[PDB]
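Trainee: Before I ask anything, here is the structure I am working with.
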Amino acid sequence: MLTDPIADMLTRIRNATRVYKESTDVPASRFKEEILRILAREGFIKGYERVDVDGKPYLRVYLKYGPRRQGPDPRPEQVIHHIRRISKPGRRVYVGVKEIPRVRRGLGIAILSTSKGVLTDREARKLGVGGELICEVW
Amino acid sequence: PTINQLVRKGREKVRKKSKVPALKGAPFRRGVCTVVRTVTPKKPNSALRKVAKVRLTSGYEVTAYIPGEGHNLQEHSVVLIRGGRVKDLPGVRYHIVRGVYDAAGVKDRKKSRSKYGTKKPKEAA
RNA sequence: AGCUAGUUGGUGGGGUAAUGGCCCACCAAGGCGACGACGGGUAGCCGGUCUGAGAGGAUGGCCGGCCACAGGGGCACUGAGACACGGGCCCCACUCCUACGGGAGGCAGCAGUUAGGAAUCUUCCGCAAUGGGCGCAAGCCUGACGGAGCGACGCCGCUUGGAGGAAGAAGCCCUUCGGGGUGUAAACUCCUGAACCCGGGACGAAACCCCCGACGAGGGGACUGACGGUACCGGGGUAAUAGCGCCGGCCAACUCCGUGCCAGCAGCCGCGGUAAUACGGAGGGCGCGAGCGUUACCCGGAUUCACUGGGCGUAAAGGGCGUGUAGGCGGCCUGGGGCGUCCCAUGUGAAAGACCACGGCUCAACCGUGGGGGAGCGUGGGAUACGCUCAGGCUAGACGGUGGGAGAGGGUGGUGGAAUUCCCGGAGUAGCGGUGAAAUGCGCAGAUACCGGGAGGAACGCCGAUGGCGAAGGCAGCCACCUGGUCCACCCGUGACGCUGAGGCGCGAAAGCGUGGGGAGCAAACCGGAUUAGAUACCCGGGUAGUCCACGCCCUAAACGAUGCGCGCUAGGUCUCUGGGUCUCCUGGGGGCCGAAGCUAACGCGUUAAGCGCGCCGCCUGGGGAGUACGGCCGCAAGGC
RNA sequence: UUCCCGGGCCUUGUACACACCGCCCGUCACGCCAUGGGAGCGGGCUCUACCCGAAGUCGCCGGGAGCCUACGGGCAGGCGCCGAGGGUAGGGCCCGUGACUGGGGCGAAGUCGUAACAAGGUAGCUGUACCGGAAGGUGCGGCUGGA
RNA sequence: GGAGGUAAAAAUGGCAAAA
Ligand SMILES: NC[C@@H]1O[C@H](O[C@H]2[C@@H](O)[C@H](O[C@@H]3[C@@H](O)[C@H](N)C[C@H](N)[C@H]3O[C@H]3O[C@H](CO)[C@@H](O)[C@H](O)[C@H]3N)O[C@@H]2CO)[C@H](N)[C@@H](O)[C@@H]1O
Ligand SMILES: [Mg+2]
Ligand SMILES: [Mg+2]
Ligand SMILES: [Mg+2]
Ligand SMILES: [Mg+2]
Ligand SMILES: [Mg+2]
Ligand SMILES: [Mg+2]
Ligand SMILES: [Mg+2]
Ligand SMILES: [Mg+2]
Ligand SMILES: [Mg+2]
Ligand SMILES: [Mg+2]
Ligand SMILES: [Mg+2]
Ligand SMILES: [Mg+2]
Ligand SMILES: [Mg+2]
Ligand SMILES: [Mg+2]
Ligand SMILES: [Mg+2]
Ligand SMILES: [Mg+2]
Ligand SMILES: [Mg+2]
Ligand SMILES: [Mg+2]
Ligand SMILES: [Mg+2]
Ligand SMILES: [Mg+2]
Ligand SMILES: [Mg+2]
Ligand SMILES: [Mg+2]
Ligand SMILES: [Mg+2]
Ligand SMILES: [Mg+2]
Ligand SMILES: [Mg+2]
Ligand SMILES: [Mg+2]
Ligand SMILES: [Mg+2]
Ligand SMILES: [Mg+2]
Ligand SMILES: [Mg+2]
Ligand SMILES: [Mg+2]
Ligand SMILES: [Mg+2]
Ligand SMILES: [Mg+2]
Ligand SMILES: [Mg+2]
Ligand SMILES: [Mg+2]
Ligand SMILES: [Mg+2]
Ligand SMILES: [Mg+2]
Ligand SMILES: [Mg+2]
Ligand SMILES: [Mg+2]
Ligand SMILES: [Mg+2]
Ligand SMILES: [Mg+2]
Ligand SMILES: [Mg+2]
Ligand SMILES: [Mg+2]
Ligand SMILES: [Mg+2]
Ligand SMILES: [Mg+2]
Ligand SMILES: [Mg+2]
Ligand SMILES: [Mg+2]
Ligand SMILES: [Mg+2]
Ligand SMILES: [Mg+2]
Ligand SMILES: [Mg+2]
Ligand SMILES: [Mg+2]
Ligand SMILES: [Mg+2]
Ligand SMILES: [Mg+2]
Ligand SMILES: [Mg+2]
Ligand SMILES: [Mg+2]
Ligand SMILES: [Mg+2]
Ligand SMILES: [Mg+2]
Ligand SMILES: [Mg+2]
């Protein structure tokens, strides 16, 4: 019934990164499409496009990985090591500008929905808005 | 559990229990002796530890351990209760301080005199 | 788990400074409660204090703000203000004085007593300061305060010397006696100088008062210090208290003797019963020092209540299963609002404390100044991505339609055969059943084994499976009726109707209970016969309730996949059950095995997850006592929750 | 090579590991402690109804009867409602106590048996029902935590 | 050749203890 279409989408990517699939089709909504826009700016994916499946619109996201390591277990390093939704529907999370986490001591990214659109921890600290902390990626 | 169950049932605190019922947890409690005897230990040991049932000022009546070597406890001696239990003695959960009451301190004690209530001797050393 | 008589509302009065059932008459019959009323227990609340990385947990002692009491209880008077600590009236308890009839008193103010207790001080000096009451003032009162005294109660500062000094005295300890340790430690030699003696000696004090100016501004002058001759300053001058805990591991520091599961140690694991670094002593060492330990309490460690930050297959933990109320949560698109949410400003967030600077006591403790921000809440303005709400719309969720498909799904009625037992007829003999082996038992009163006929109850072989069905318990001969759930195809209609689910509600194997019917086989209890030391058991022969039917109860379990339900996602290989197809093969559901990635402590799971995520409910927090006892509800009882 | 005694390899099961000369369960006897039931007795708080009810505010009277400086007024005084508190009676909670009794926990080596763990010598556990000194046994049904 | 699958026996071992 898709209780949380955003957190489900974040796991549609996590189930693909662990098997190194070329792409994954997730359902379409403009709010989650806006999350993919930020995901392509910082460089976690190669992009996405509005595809059509059985007459319904989906989002074919082109994943990104690392180089083939040498030695045992030649699986490449993940570009996306950890990703999970913070503001779950059963527990809403709302923060200001002062209450913004240092995601992976700045090496990571904290995506959040604000009144001036959906932005990340850097530009939301620059604009000074804050809001619903959606997820953390590193 | 879920978040919604936490705002309904909530977390329960531990609320520990005092091992010493010394009436508000006072550090010491005066009591008068009624019996002075010995009690056999638990299964891994064997000795004759000197004990005494005491009738404190709270109206109860408990057993206390006598430490050291030799004492002066009778059927009518006043004594002070310390606290702390003895593992090899069942029902004994209190200790007897020595030195200032009718219970004297261990005489001919040389190392630990703060405990066992022995005063400082002066024999040119 | 239900509470409510001024209880809830109205009208009019009384009363108050003032609204109000605060109080009174009449009327209406309402008000509160799982968002926990009512009752019980406990407690003054806060700024802050302690801890903790933080979130939090605990606490409310000194100082400050608010409330409430003045032996217990009520009541008013006065007054701007009291239901009044050192004011008044009355009752109770207590103390005291009486000429006995009726009077006096109220330390939870400062000191001090008694009693309780582990334990808490001076019946001190002064109004000089500051503050308060009165007074024009002079001034008076002030156990507010300023100070002093007691107490290692806490924090801070200081002393018990300093420099030399033996290849290393004596004593004492250990020794494989050769030596090693105390140990520069001492003695001894220089130097400095706590305490003490002498002199000097304050800051806190400047006003109120007076004079000139109009008793104003402004200027000038005088008086006063409890602490106290105290701090401090100058001169002189003495080598001048060290103690407590520990020394198996955690935990830093080891040798000897004594003792022999005795004495004893102990916070946990544990040491001691003949050679103990764990007991006792001695030497030595480690830790700290006017202190060191112990006991009691709080936080930590404890991510062992897990929001930050835990779990439920087997360790404690998934409700027996379902239906569903409240609740929590909710698909895609576009507008309106701006409640959550975010930002800016403004107000508040007292002071002290805390944080950071600079200063004053010769340093610090203590103290003065200054700065910096919290979180919250009120107001004004803005933003609208997300949650929320209103409106339009959509189809992938969910439901329905058309047409098929399987199945031990359920209830009622009828029915078929085989077999056991009993009765009857025939025929037929000396033994049959039974065991590991025997015996009880049955049998010449004609048994077992065979044929024929009849009655009556229960269960349905082969099909039958590692199979199917239901939500669970569970369901198997056949027929027919009544009836539920489910799957596929077509993608036709509705259009977010959805998921979970505290309580409630219904189902709930076997055993058991009530009333009646039934009773062939089997079979608790029970009685025999063997076994055995004994047999209340296993083995054998009998055998009643029960097992069976109708109705009503009981509500348990290894009620198990020891795995809650719904949805999305992540390689396949293979067996089978059942739909559909351009039936090679593809595709939908259902039961199984092996297994990618992954998870788990391992066993193991692995699109029938214990994987990766989200919504909701139940449940766990060491073992025993114990699913026990009391209380509540249910039941006819056993008993259940 | 079926059986007794000892031994080797593989495997299975295990609650044993100073290791089956192992472990362990229950009743009985003794000692101590806490707790429940118990003829009841005692105490504390609290609730309801009634009787009496001081001080005092408020409300009438103030008259056949008092005092008053202005009197179709005031004070004293009388009455009434409320009332602290005392009593009488009945309940609700909590606490202490009680002969005796039920089960429980603890206490180095007492008695009786063999239940479980090896197919523990009757596979074990289990809900229920009945019996038995006791672990336990058995009946019906279920589980694999057994073949 | 995949299942159904074989018991006559026989109780007990005082407590506590090593690098
Ligand atoms: N401990 C839990 C319970 O103990 C009960 O058992 C208790 C008694 O039955 C048992 O008694 C045993 C006895 O079985 C055995 N045959 C003899 C043994 N000496 C006794 O032991 C008891 O008594 C002696 C003195 O007599 C005490 O020193 C000893 O500590 C104690 N265990 O000792 C136990 C108490 O320690 C039951 N097993 C059961 O209720 C449950 O297991
Ligand atoms: Mg940083
Ligand atoms: Mg109190
Ligand atoms: Mg912590
Ligand atoms: Mg008093
Ligand atoms: Mg007074
Ligand atoms: Mg005293
Ligand atoms: Mg003054
Ligand atoms: Mg003054
Ligand atoms: Mg020497
Ligand atoms: Mg001065
Ligand atoms: Mg000097
Ligand atoms: Mg060490
Ligand atoms: Mg020795
Ligand atoms: Mg030693
Ligand atoms: Mg020693
Ligand atoms: Mg020690
Ligand atoms: Mg914690
Ligand atoms: Mg703690
Ligand atoms: Mg948590
Ligand atoms: Mg855990
Ligand atoms: Mg278990
Ligand atoms: Mg378990
Ligand atoms: Mg279940
Ligand atoms: Mg369960
Ligand atoms: Mg939504
Ligand atoms: Mg708003
Ligand atoms: Mg402040
Ligand atoms: Mg709509
Ligand atoms: Mg259509
Ligand atoms: Mg449901
Ligand atoms: Mg039933
Ligand atoms: Mg039945
Ligand atoms: Mg019956
Ligand atoms: Mg029979
Ligand atoms: Mg025998
Ligand atoms: Mg039989
Ligand atoms: Mg099962
Ligand atoms: Mg399948
Ligand atoms: Mg597998
Ligand atoms: Mg559930
Ligand atoms: Mg039960
Ligand atoms: Mg060989
Ligand atoms: Mg073997
Ligand atoms: Mg044995
Ligand atoms: Mg007149
Ligand atoms: Mg008049
Ligand atoms: Mg009683
Ligand atoms: Mg009693
Ligand atoms: Mg008793
Ligand atoms: Mg004994
Ligand atoms: Mg058995
Ligand atoms: Mg056995
Ligand atoms: Mg057995
Ligand atoms: Mg049974
Ligand atoms: Mg029997
Ligand atoms: Mg025996
Ligand atoms: Mg021993």
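We name chains A, B, ... following the order of the structure tokens; residues begin at 1 in each chain, and ligands are numbered from 1 as shown.
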Which neighbours of residue 39 of chain A fall inside 12 Å, counting only C-alpha atoms (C1' of nucleotides), when residues of the same chain fewer than 5 positions from it are skipped, and could you give them as a ChimeraX atom specification?

Mentor: /A:10,13,32-34,44-48,61-64,79-80,83,108-111,118-120,135-138

Trainee: Let me see the file: selected residues, N, CA and C atoms, as a CSV table (one decimal), in the first residue's frame.

Mentor:
chain,number,residue,atom,x,y,z
A,10,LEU,N,14.3,4.7,-1.3
A,10,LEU,CA,15.7,4.6,-0.8
A,10,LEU,C,16.2,3.2,-0.7
A,13,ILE,N,17.0,1.5,-4.1
A,13,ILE,CA,18.3,1.8,-4.5
A,13,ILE,C,19.3,0.9,-3.8
A,32,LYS,N,9.7,12.9,-4.8
A,32,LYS,CA,10.9,12.0,-4.8
A,32,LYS,C,11.7,12.2,-6.0
A,33,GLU,N,11.2,12.9,-7.1
A,33,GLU,CA,12.0,13.2,-8.3
A,33,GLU,C,12.9,14.3,-7.9
A,34,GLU,N,12.5,15.2,-7.0
A,34,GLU,CA,13.3,16.3,-6.5
A,34,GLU,C,14.5,15.8,-5.6
A,44,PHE,N,25.9,10.7,-6.8
A,44,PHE,CA,25.7,9.3,-6.3
A,44,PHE,C,25.2,8.4,-7.4
A,45,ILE,N,24.5,9.0,-8.4
A,45,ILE,CA,24.0,8.3,-9.5
A,45,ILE,C,24.4,9.0,-10.8
A,46,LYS,N,24.1,8.4,-11.9
A,46,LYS,CA,24.5,9.0,-13.2
A,46,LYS,C,23.3,9.9,-13.7
A,47,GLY,N,22.1,9.7,-13.2
A,47,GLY,CA,21.0,10.5,-13.6
A,47,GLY,C,19.7,9.6,-13.5
A,48,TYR,N,18.7,10.1,-14.2
A,48,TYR,CA,17.4,9.4,-14.2
A,48,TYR,C,16.6,10.0,-15.4
A,61,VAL,N,16.4,5.1,-12.7
A,61,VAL,CA,17.6,5.7,-12.1
A,61,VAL,C,18.9,5.0,-12.5
A,62,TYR,N,19.8,5.7,-13.1
A,62,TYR,CA,21.1,5.1,-13.5
A,62,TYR,C,22.1,5.1,-12.4
A,63,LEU,N,22.4,4.0,-11.8
A,63,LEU,CA,23.3,3.9,-10.7
A,63,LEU,C,24.8,4.1,-11.0
A,64,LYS,N,25.6,4.3,-9.9
A,64,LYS,CA,27.0,4.6,-10.0
A,64,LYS,C,27.8,3.8,-9.0
A,79,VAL,N,29.5,3.7,-4.0
A,79,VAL,CA,29.5,5.1,-4.0
A,79,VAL,C,28.6,5.5,-2.8
A,80,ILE,N,27.5,4.8,-2.6
A,80,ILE,CA,26.6,5.0,-1.6
A,80,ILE,C,26.8,3.9,-0.5
A,83,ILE,N,22.5,4.9,3.5
A,83,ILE,CA,21.3,5.7,3.2
A,83,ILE,C,20.1,5.2,3.9
A,108,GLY,N,29.6,13.5,4.3
A,108,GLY,CA,28.3,13.0,3.8
A,108,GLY,C,27.4,14.1,3.4
A,109,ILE,N,26.1,13.8,3.3
A,109,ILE,CA,25.0,14.7,2.9
A,109,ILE,C,23.7,14.5,3.7
A,110,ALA,N,23.1,15.5,4.2
A,110,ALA,CA,21.9,15.5,4.9
A,110,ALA,C,20.9,16.3,4.1
A,111,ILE,N,19.9,15.5,3.5
A,111,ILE,CA,18.9,16.1,2.6
A,111,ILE,C,17.7,16.5,3.5
A,118,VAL,N,13.5,21.7,-1.6
A,118,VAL,CA,14.2,20.7,-0.9
A,118,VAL,C,15.7,20.9,-1.2
A,119,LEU,N,16.5,21.1,-0.1
A,119,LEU,CA,17.9,21.3,-0.3
A,119,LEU,C,18.7,20.4,0.7
A,120,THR,N,20.0,20.6,0.6
A,120,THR,CA,20.9,19.8,1.5
A,120,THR,C,21.5,20.7,2.6
A,135,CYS,N,16.6,12.5,4.9
A,135,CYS,CA,17.6,11.4,5.0
A,135,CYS,C,19.0,11.8,5.0
A,136,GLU,N,19.9,10.8,5.3
A,136,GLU,CA,21.3,11.0,5.4
A,136,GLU,C,22.0,10.0,4.4
A,137,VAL,N,22.9,10.5,3.7
A,137,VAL,CA,23.6,9.6,2.7
A,137,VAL,C,25.1,9.8,2.8
A,138,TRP,N,25.9,8.7,2.9
A,138,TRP,CA,27.3,8.6,2.9
A,138,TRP,C,27.8,7.2,2.7

Trainee: Using only C-alpha atoms (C1' of nucleotides) and all ligand atoms, which residues have at least one atom no more than 9 Å from ligand 42? Output them as a list in words.

Mentor: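 For ligand 42, the residues inside 9 Å are residues 556, 627, 639 and 640 of chain C; 127 of chain D.
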
Trainee: Any idea what's packed within 9 Å of residue 93 of chain B, counting only C-alpha atoms (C1' of nucleotides), ignoring anything in its chain fewer than 4 positions away? Could you give it as a PyMOL selection string?

Mentor: chain B and resi 19-20+62-65+83-87+89

Trainee: Go ahead and save the residues from that selection, with N, CA and C atoms, as a PDB file, in the first residue's frame.

Mentor:
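Writing the result to part-v5.pdb gives the following:
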ATOM      1  N   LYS B  19      19.269  -2.890  50.449  1.00  0.00           N
ATOM      2  CA  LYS B  19      19.636  -4.158  51.051  1.00  0.00           C
ATOM      3  C   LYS B  19      19.685  -3.944  52.555  1.00  0.00           C
ATOM      4  N   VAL B  20      19.759  -2.693  52.991  1.00  0.00           N
ATOM      5  CA  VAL B  20      19.825  -2.398  54.415  1.00  0.00           C
ATOM      6  C   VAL B  20      18.638  -1.585  54.929  1.00  0.00           C
ATOM      7  N   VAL B  62      17.520  -7.877  64.702  1.00  0.00           N
ATOM      8  CA  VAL B  62      18.336  -8.516  63.681  1.00  0.00           C
ATOM      9  C   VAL B  62      19.648  -9.074  64.200  1.00  0.00           C
ATOM     10  N   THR B  63      20.286  -9.887  63.367  1.00  0.00           N
ATOM     11  CA  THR B  63      21.556 -10.523  63.671  1.00  0.00           C
ATOM     12  C   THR B  63      22.706  -9.703  63.107  1.00  0.00           C
ATOM     13  N   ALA B  64      23.807  -9.633  63.852  1.00  0.00           N
ATOM     14  CA  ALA B  64      24.978  -8.877  63.433  1.00  0.00           C
ATOM     15  C   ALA B  64      26.249  -9.685  63.655  1.00  0.00           C
ATOM     16  N   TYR B  65      27.247  -9.425  62.816  1.00  0.00           N
ATOM     17  CA  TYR B  65      28.522 -10.123  62.884  1.00  0.00           C
ATOM     18  C   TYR B  65      29.540  -9.391  63.742  1.00  0.00           C
ATOM     19  N   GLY B  83      26.626  -1.950  59.043  1.00  0.00           N
ATOM     20  CA  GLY B  83      25.983  -2.199  57.771  1.00  0.00           C
ATOM     21  C   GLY B  83      26.936  -2.969  56.882  1.00  0.00           C
ATOM     22  N   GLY B  84      26.406  -3.786  55.990  1.00  0.00           N
ATOM     23  CA  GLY B  84      27.205  -4.619  55.109  1.00  0.00           C
ATOM     24  C   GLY B  84      26.929  -6.050  55.531  1.00  0.00           C
ATOM     25  N   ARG B  85      26.860  -6.949  54.561  1.00  0.00           N
ATOM     26  CA  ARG B  85      26.541  -8.332  54.873  1.00  0.00           C
ATOM     27  C   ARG B  85      27.725  -9.284  54.822  1.00  0.00           C
ATOM     28  N   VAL B  86      27.488 -10.496  55.312  1.00  0.00           N
ATOM     29  CA  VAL B  86      28.462 -11.577  55.325  1.00  0.00           C
ATOM     30  C   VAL B  86      27.930 -12.619  54.358  1.00  0.00           C
ATOM     31  N   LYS B  87      28.752 -12.994  53.379  1.00  0.00           N
ATOM     32  CA  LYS B  87      28.316 -13.953  52.369  1.00  0.00           C
ATOM     33  C   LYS B  87      28.102 -15.364  52.906  1.00  0.00           C
ATOM     34  N   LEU B  89      27.236 -16.217  55.880  1.00  0.00           N
ATOM     35  CA  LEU B  89      26.280 -16.285  56.974  1.00  0.00           C
ATOM     36  C   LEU B  89      24.875 -15.919  56.531  1.00  0.00           C
TER      37      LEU B  89
END

Trainee: Determine, using only C-alpha atoms (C1' of nucleotides) and all ligand atoms, which residues of chain E have any atom at most 9 Å from an atom of ligand 58, and tabulate each with its shortest atom pair and distance in Å to one decimal place, rows ordered by chain and then rising number, as JSON lines.

Mentor:
{"residue": "E:15", "atom": "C1'", "partner": "ligand 58", "partner_atom_place_in_ligand_line": "1 (Mg)", "distance": 8.0}
{"residue": "E:16", "atom": "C1'", "partner": "ligand 58", "partner_atom_place_in_ligand_line": "1 (Mg)", "distance": 3.5}
{"residue": "E:17", "atom": "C1'", "partner": "ligand 58", "partner_atom_place_in_ligand_line": "1 (Mg)", "distance": 6.0}

Trainee: Please dump the current selection as a PDB file, in the first residue's frame; keep N, CA and C atoms (P, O5', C5', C4', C3', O3' and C1' of nucleotides).

Mentor:
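File written: out.pdb
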ATOM      1  P     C E  15      28.101 -36.817  47.043  1.00  0.00           P
ATOM      2  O5'   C E  15      28.673 -35.630  47.932  1.00  0.00           O
ATOM      3  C5'   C E  15      27.806 -34.822  48.710  1.00  0.00           C
ATOM      4  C4'   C E  15      28.577 -33.905  49.622  1.00  0.00           C
ATOM      5  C3'   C E  15      29.572 -32.986  48.940  1.00  0.00           C
ATOM      6  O3'   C E  15      28.960 -31.842  48.379  1.00  0.00           O
ATOM      7  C1'   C E  15      30.559 -33.961  50.864  1.00  0.00           C
ATOM      8  P     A E  16      29.414 -31.312  46.937  1.00  0.00           P
ATOM      9  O5'   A E  16      30.850 -30.680  47.204  1.00  0.00           O
ATOM     10  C5'   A E  16      30.970 -29.478  47.946  1.00  0.00           C
ATOM     11  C4'   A E  16      32.373 -29.237  48.444  1.00  0.00           C
ATOM     12  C3'   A E  16      33.481 -29.201  47.411  1.00  0.00           C
ATOM     13  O3'   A E  16      33.522 -28.017  46.644  1.00  0.00           O
ATOM     14  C1'   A E  16      34.195 -30.461  49.252  1.00  0.00           C
ATOM     15  P     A E  17      34.027 -28.093  45.123  1.00  0.00           P
ATOM     16  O5'   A E  17      35.610 -28.272  45.233  1.00  0.00           O
ATOM     17  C5'   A E  17      36.455 -27.177  45.557  1.00  0.00           C
ATOM     18  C4'   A E  17      37.871 -27.613  45.855  1.00  0.00           C
ATOM     19  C3'   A E  17      38.741 -27.966  44.658  1.00  0.00           C
ATOM     20  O3'   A E  17      39.294 -26.827  44.021  1.00  0.00           O
ATOM     21  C1'   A E  17      38.974 -29.629  46.328  1.00  0.00           C
TER      22        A E  17
END

Trainee: Tell me as a ChimeraX atom specification which residues belonging to chain B come within 12 Å of chain E, counting only C-alpha atoms (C1' of nucleotides).

Mentor: /B:42-46

Trainee: Chain C residues within 6 Å of chain B, counting only C-alpha atoms (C1' of nucleotides): which ones, as number ranges by chain?

Mentor: C: 118, 261, 295-296, 305

Trainee: Please write out the residues within 10 Å of ligand 21 as an MDAnalysis selection string, counting only C-alpha atoms (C1' of nucleotides) and all ligand atoms.

Mentor: chainID C and resid 303:304 306 310:312 316 620:621

Trainee: Taking only C-alpha atoms (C1' of nucleotides) and all ligand atoms into account, report as a VMD selection string which residues have an atom no farther than 10 Å from an atom of ligand 17.

Mentor: chain C and resid 246 to 248 265 to 266 271 278 to 279

Trainee: What residues of the protein or nucleic acid chains come within 12 Å of ligand 22 when you use only C-alpha atoms (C1' of nucleotides) and all ligand atoms? Reply as a list in words.

Mentor: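 Those within range of ligand 22 are residues 314, 315, 316, 558 and 562 of chain C; 15, 125 and 145 of chain D.
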
Trainee: Within 9 Å of ligand 46, counting only C-alpha atoms (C1' of nucleotides) and all ligand atoms: which residues, as a list in words?

Mentor: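 Those within range of ligand 46 are residues 70, 71, 72 and 73 of chain D.
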
Trainee: Would you write out, as a Markdown table, a table of all residues in chain C that have an atom no more than 8 Å from an atom of ligand 10, listing for each the closest atom pair and the distance in Å to one decimal, considering only C-alpha atoms (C1' of nucleotides) and all ligand atoms and ordering rows by chain and rising residue number?

Mentor:
| residue | atom | partner | partner_atom_place_in_ligand_line | distance |
| --- | --- | --- | --- | --- |
| C:169 | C1' | ligand 10 | 1 (Mg) | 7.3 |
| C:170 | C1' | ligand 10 | 1 (Mg) | 7.0 |
| C:171 | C1' | ligand 10 | 1 (Mg) | 7.4 |
| C:182 | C1' | ligand 10 | 1 (Mg) | 6.6 |
| C:183 | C1' | ligand 10 | 1 (Mg) | 7.1 |

Trainee: Go ahead and write the selection's residues with C-alpha atoms (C1' of nucleotides) as a PDB file, in the first residue's frame.

Mentor:
ATOM      1  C1'   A C 169      77.365   3.102  61.301  1.00  0.00           C
ATOM      2  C1'   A C 170      73.892   0.593  64.908  1.00  0.00           C
ATOM      3  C1'   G C 171      69.309  -1.814  65.231  1.00  0.00           C
ATOM      4  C1'   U C 182      65.882  -0.115  55.095  1.00  0.00           C
ATOM      5  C1'   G C 183      69.445   3.954  53.152  1.00  0.00           C
TER       6        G C 183
END

Trainee: Quick one: distance from atom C1' of residue 614 of chain C to atom CA of residue 12 of chain A in Å, one decimal?

Mentor: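 Computing the Euclidean distance for atom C1' of residue 614 of chain C and atom CA of residue 12 of chain A yields 12.6 Å.
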
Trainee: Could you list, as a PyMOL selection string, every residue of chain C that has an atom within 8 Å of an atom of chain A, counting only C-alpha atoms (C1' of nucleotides)?

Mentor: chain C and resi 329-332+341-343+383-386+396-397+498-499+566-570+597+612-615

Trainee: Could those residues be written to a file, using C-alpha atoms (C1' of nucleotides), as a PDB file, in the first residue's frame?

Mentor:
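Dumped everything to part-v2.pdb:
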ATOM      1  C1'   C C 329      -0.651   5.569   9.786  1.00  0.00           C
ATOM      2  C1'   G C 330      -1.945   6.465   4.692  1.00  0.00           C
ATOM      3  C1'   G C 331      -1.340   6.271  -3.394  1.00  0.00           C
ATOM      4  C1'   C C 332      -0.629   9.982  -7.947  1.00  0.00           C
ATOM      5  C1'   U C 341       6.940  23.452  10.463  1.00  0.00           C
ATOM      6  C1'   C C 342      10.815  27.377   9.146  1.00  0.00           C
ATOM      7  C1'   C C 343      12.918  32.487   9.264  1.00  0.00           C
ATOM      8  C1'   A C 383       7.995  31.548   3.132  1.00  0.00           C
ATOM      9  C1'   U C 384       4.644  26.804   1.454  1.00  0.00           C
ATOM     10  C1'   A C 385       8.945  21.726  -0.002  1.00  0.00           C
ATOM     11  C1'   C C 386       6.591  18.111   3.587  1.00  0.00           C
ATOM     12  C1'   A C 396      -1.169   1.142 -10.408  1.00  0.00           C
ATOM     13  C1'   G C 397      -3.935   0.250  -3.850  1.00  0.00           C
ATOM     14  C1'   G C 498      -6.761   1.444   2.306  1.00  0.00           C
ATOM     15  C1'   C C 499      -3.291  -1.310   6.383  1.00  0.00           C
ATOM     16  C1'   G C 566      -0.479  -5.822   5.363  1.00  0.00           C
ATOM     17  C1'   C C 567       2.643  -3.775   1.332  1.00  0.00           C
ATOM     18  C1'   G C 568       7.260  -2.472  -1.838  1.00  0.00           C
ATOM     19  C1'   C C 569      12.143  -4.203  -3.146  1.00  0.00           C
ATOM     20  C1'   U C 570      16.877  -8.343  -3.781  1.00  0.00           C
ATOM     21  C1'   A C 597      24.148 -11.183  -2.239  1.00  0.00           C
ATOM     22  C1'   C C 612      16.777  -4.675   3.070  1.00  0.00           C
ATOM     23  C1'   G C 613      12.635  -0.804   4.498  1.00  0.00           C
ATOM     24  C1'   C C 614       7.818   1.454   6.275  1.00  0.00           C
ATOM     25  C1'   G C 615       2.703   1.376   9.311  1.00  0.00           C
TER      26        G C 615
END

Trainee: Tell me as number ranges by chain which residues belonging to chain D come within 8 Å of chain B, counting only C-alpha atoms (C1' of nucleotides).

Mentor: D: 33, 106-108

Trainee: Quick one: pull the distance between atom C1' of residue 479 of chain C and atom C1' of residue 467 of chain C, Å, one decimal.

Mentor: 24.8 Å

Trainee: Using DSSP on the backbone coordinates, identify the residues of chain B assigned to strand (DSSP E or B); present them as a ChimeraX atom specification.

Mentor: /B:29-39,49-56,62-65,78-81,92-96

Trainee: Name all residues at most 10 Å from residue 471 of chain C (count only C-alpha atoms (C1' of nucleotides); drop same-chain ones fewer than 6 positions away) and give them as a VMD selection string.

Mentor: chain C and resid 321 to 322 485
